[PDB]
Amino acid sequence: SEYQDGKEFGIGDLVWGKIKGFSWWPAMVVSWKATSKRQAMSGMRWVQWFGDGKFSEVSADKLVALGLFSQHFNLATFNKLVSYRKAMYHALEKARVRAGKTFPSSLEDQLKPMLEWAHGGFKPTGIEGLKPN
């Protein structure tokens, strides 16, 4: 059906997506029917960006699994842009729920254990616990 071109990533997958002149940003792969636009060209994936809920058509080669977290987390962007910090909250919150993970109980101070768990490699489940369903 949709996204049957050999290439990686399917609907529901949490991803890092790279847009021109922007840091890697966290996203979720969605089906084209959620975007009110059009089917993705073969080799592309529709994604919805965490933090602003906007849709983009991105090459499957400009996406990586959000579980590869420390490799694409941009510490400088996290320090400069409040939107990037917001996007990290919603993205990692979704990772938490899927993982079966919970954290003891502000924004910075809520991010802290989420960031550490993500940077540390999503323990104990590892990246397998970020899958959809």
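In this text, residue numbers run from 1 along the sequence as written.
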Continuity check for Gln71 and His72, given as deposited residues lacking coordinates between them:
none
Averaging the C-alpha temperature factors as deposited, the higher value of 42 to 50 versus 95 to 103 falls on 95 to 103
Would you determine, from the values in the PDB entry, which of 10 to 18 and 108 to 116 has the greater average C-alpha temperature factor?
108 to 116
Based on the entry's values, in what third of the chain does the Cα temperature factor of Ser36 lie: lowest, middle or highest?
highest
Using the B-factor values recorded in the entry, state whether the Cα atom of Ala87 falls in the lowest, middle or highest third among the modelled residues of its chain.
middle
What third of the chain, by the recorded C-alpha B-factor, contains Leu81?
highest
